[PDB]
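To start, the structure under review is shown below, and the notes come after it.
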Amino acid sequence: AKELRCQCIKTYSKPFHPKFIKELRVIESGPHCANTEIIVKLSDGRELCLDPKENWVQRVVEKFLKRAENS
Amino acid sequence: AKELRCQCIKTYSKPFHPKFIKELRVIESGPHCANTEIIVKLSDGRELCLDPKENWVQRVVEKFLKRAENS
Amino acid sequence: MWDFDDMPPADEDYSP
């Protein structure tokens with residue numbers, strides 16, 4: 001209990017397509033973060049952190065849910 | 001490329017409250033699953049699988065999003 | 001890298 005950083009080091013404040021997303025991850029304020037952070041698996045291989053502060057994020061993410069649900 | 005099982009083989013048949021949920025995980029149909037599965041993680045450090053086929057799942061999960069977003 | 005289309009990050013410090 002000394003110093004803990006949020007899961008998302010930074011957020012990718014740049015629009016891109018939902019086509020690349022296969023897995024979604026949402027972590028609510030934890031013992032390391034006093035807020036909320038959206039995370040996503042990047043089909044390139046890595047992971048990526050999105051900022052719910054952007055409208056395009058609420059959209060590409062919304063489509064993922066509507067797509068994984070309709071599937 | 002021989003045999004791959006879905007990330008979630010079983011589900012939880014006991015409705016609960018997002019109060020125990022701290023991290024959400026959603027995996028769309030992958031090379032191992034031809035459908036959609038909503039995984040979740042409890043603060044206790046545990047991981048279970050929910051069935052979007054249940055109405056109470058769409059609710060306790062919906063609250064988590066509305067809670068992590070309002071935070 | 002070829003996963004993209006002419007596009008995800010051309011930078012990477014987003015490793016939770």
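Each chain of the structure tokens is named A, B, ... in the order shown, its residues numbered from 1; ligands are numbered from 1 in display order.
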
Per-residue nearest contacts chain A to chain B, cut-off 8 Å, using only C-alpha atoms, as a tab-separated table:
```
residue	atom	partner	partner_atom	distance
A:22	CA	B:28	CA	5.8
A:23	CA	B:27	CA	4.5
A:24	CA	B:26	CA	5.2
A:25	CA	B:25	CA	4.8
A:26	CA	B:24	CA	5.2
A:27	CA	B:23	CA	4.5
A:28	CA	B:68	CA	5.1
A:29	CA	B:68	CA	7.3
A:30	CA	B:22	CA	7.4
A:35	CA	B:71	CA	5.9
A:36	CA	B:68	CA	5.5
A:68	CA	B:28	CA	5.1
A:69	CA	B:36	CA	6.7
A:71	CA	B:35	CA	5.9
```

Tell me the residues of chain A close to chain C, meaning within 12 Å using only C-alpha atoms, as a ChimeraX atom specification.
-> /A:5-21,25-27,32,37-51

For those residues, write N, CA and C atoms to a file as a CSV table (one decimal), in the first residue's frame.
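Result file is again_16.csv:
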```csv
chain,number,residue,atom,x,y,z
A,5,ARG,N,-0.4,2.5,-9.9
A,5,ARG,CA,-0.9,3.3,-11.1
A,5,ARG,C,-2.1,2.6,-11.7
A,6,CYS,N,-2.8,3.4,-12.4
A,6,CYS,CA,-4.1,2.9,-13.1
A,6,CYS,C,-3.7,1.8,-14.2
A,7,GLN,N,-4.6,0.9,-14.5
A,7,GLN,CA,-4.2,-0.1,-15.5
A,7,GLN,C,-3.8,0.5,-16.8
A,8,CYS,N,-4.6,1.4,-17.3
A,8,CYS,CA,-4.2,2.2,-18.5
A,8,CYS,C,-3.2,3.3,-18.2
A,9,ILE,N,-2.0,3.1,-18.7
A,9,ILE,CA,-0.9,4.1,-18.5
A,9,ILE,C,-1.3,5.4,-19.2
A,10,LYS,N,-1.8,5.2,-20.5
A,10,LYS,CA,-2.3,6.3,-21.3
A,10,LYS,C,-3.6,5.8,-22.0
A,11,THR,N,-4.2,6.6,-22.8
A,11,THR,CA,-5.4,6.3,-23.6
A,11,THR,C,-5.1,6.7,-25.0
A,12,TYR,N,-5.6,5.9,-26.0
A,12,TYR,CA,-5.4,6.1,-27.4
A,12,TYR,C,-6.5,7.0,-27.9
A,13,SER,N,-6.3,8.3,-27.8
A,13,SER,CA,-7.2,9.4,-28.2
A,13,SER,C,-7.1,9.6,-29.7
A,14,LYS,N,-7.2,8.5,-30.5
A,14,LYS,CA,-7.2,8.6,-31.9
A,14,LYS,C,-8.3,7.6,-32.5
A,15,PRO,N,-9.2,8.0,-33.3
A,15,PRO,CA,-10.2,7.2,-33.9
A,15,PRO,C,-9.6,6.0,-34.7
A,16,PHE,N,-10.3,4.9,-34.7
A,16,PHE,CA,-10.0,3.7,-35.5
A,16,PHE,C,-11.2,2.8,-35.5
A,17,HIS,N,-11.2,1.8,-36.4
A,17,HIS,CA,-12.4,1.0,-36.7
A,17,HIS,C,-12.6,-0.1,-35.6
A,18,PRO,N,-13.8,-0.6,-35.4
A,18,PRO,CA,-14.1,-1.7,-34.5
A,18,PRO,C,-13.8,-3.0,-35.0
A,19,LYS,N,-13.5,-3.1,-36.4
A,19,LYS,CA,-13.2,-4.4,-37.0
A,19,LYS,C,-12.0,-5.1,-36.4
A,20,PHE,N,-11.1,-4.4,-35.8
A,20,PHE,CA,-9.9,-4.9,-35.2
A,20,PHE,C,-10.1,-5.5,-33.8
A,21,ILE,N,-11.3,-5.4,-33.3
A,21,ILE,CA,-11.5,-5.8,-31.8
A,21,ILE,C,-12.2,-7.2,-31.7
A,25,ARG,N,-12.5,-5.3,-22.6
A,25,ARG,CA,-12.1,-5.4,-21.2
A,25,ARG,C,-12.4,-4.0,-20.5
A,26,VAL,N,-13.2,-4.1,-19.5
A,26,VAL,CA,-13.6,-2.8,-18.7
A,26,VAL,C,-13.2,-3.0,-17.2
A,27,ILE,N,-12.4,-2.1,-16.7
A,27,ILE,CA,-12.0,-2.2,-15.3
A,27,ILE,C,-12.5,-0.9,-14.5
A,32,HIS,N,-6.0,0.8,-7.5
A,32,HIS,CA,-4.9,1.4,-8.3
A,32,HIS,C,-5.5,2.5,-9.1
A,37,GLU,N,-11.8,2.7,-16.7
A,37,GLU,CA,-11.0,2.6,-17.9
A,37,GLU,C,-11.5,1.5,-18.8
A,38,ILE,N,-11.7,1.8,-20.1
A,38,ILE,CA,-12.0,0.9,-21.2
A,38,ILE,C,-10.6,0.4,-21.8
A,39,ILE,N,-10.5,-0.9,-22.0
A,39,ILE,CA,-9.4,-1.6,-22.5
A,39,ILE,C,-9.9,-2.6,-23.6
A,40,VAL,N,-9.1,-2.9,-24.5
A,40,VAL,CA,-9.5,-3.7,-25.7
A,40,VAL,C,-8.3,-4.5,-26.2
A,41,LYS,N,-8.5,-5.7,-26.6
A,41,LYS,CA,-7.5,-6.6,-27.3
A,41,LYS,C,-7.3,-6.1,-28.7
A,42,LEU,N,-6.1,-5.9,-29.2
A,42,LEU,CA,-5.8,-5.4,-30.5
A,42,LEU,C,-5.4,-6.7,-31.3
A,43,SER,N,-6.1,-6.9,-32.5
A,43,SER,CA,-5.9,-8.1,-33.4
A,43,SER,C,-4.5,-8.1,-33.9
A,44,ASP,N,-3.7,-7.0,-33.9
A,44,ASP,CA,-2.3,-6.9,-34.3
A,44,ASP,C,-1.5,-7.8,-33.4
A,45,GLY,N,-1.9,-8.0,-32.1
A,45,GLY,CA,-1.3,-8.9,-31.2
A,45,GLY,C,-1.3,-8.3,-29.8
A,46,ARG,N,-1.2,-7.0,-29.6
A,46,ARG,CA,-1.1,-6.3,-28.4
A,46,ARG,C,-2.4,-6.0,-27.7
A,47,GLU,N,-2.4,-5.0,-26.8
A,47,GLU,CA,-3.6,-4.5,-26.1
A,47,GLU,C,-3.6,-3.0,-26.4
A,48,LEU,N,-4.7,-2.4,-26.1
A,48,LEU,CA,-5.0,-1.0,-26.3
A,48,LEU,C,-6.0,-0.4,-25.3
A,49,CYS,N,-5.8,0.8,-24.9
A,49,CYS,CA,-6.6,1.5,-23.9
A,49,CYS,C,-7.4,2.6,-24.5
A,50,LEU,N,-8.7,2.7,-24.4
A,50,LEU,CA,-9.5,3.8,-25.0
A,50,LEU,C,-10.0,4.8,-23.9
A,51,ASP,N,-10.3,5.9,-24.4
A,51,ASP,CA,-10.8,7.0,-23.4
A,51,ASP,C,-12.4,7.2,-23.6
```

So how far away is CA of residue 33 (chain B) from CA of residue 4 (chain B), in Å?
-> 7.7 Å

Extract the full set of alpha helix (DSSP H) residues from chain B according to DSSP on the backbone, and format it as a VMD selection string.
-> chain B and resid 55 to 70

CA of residue 54 (chain A) to CA of residue 55 (chain B), distance in Å rounded to a single decimal = 29.6 Å

Kindly give the distance, in Å, that separates CA of residue 3 (chain A) and CA of residue 66 (chain B), rounded to a single decimal.
-> 27.9 Å
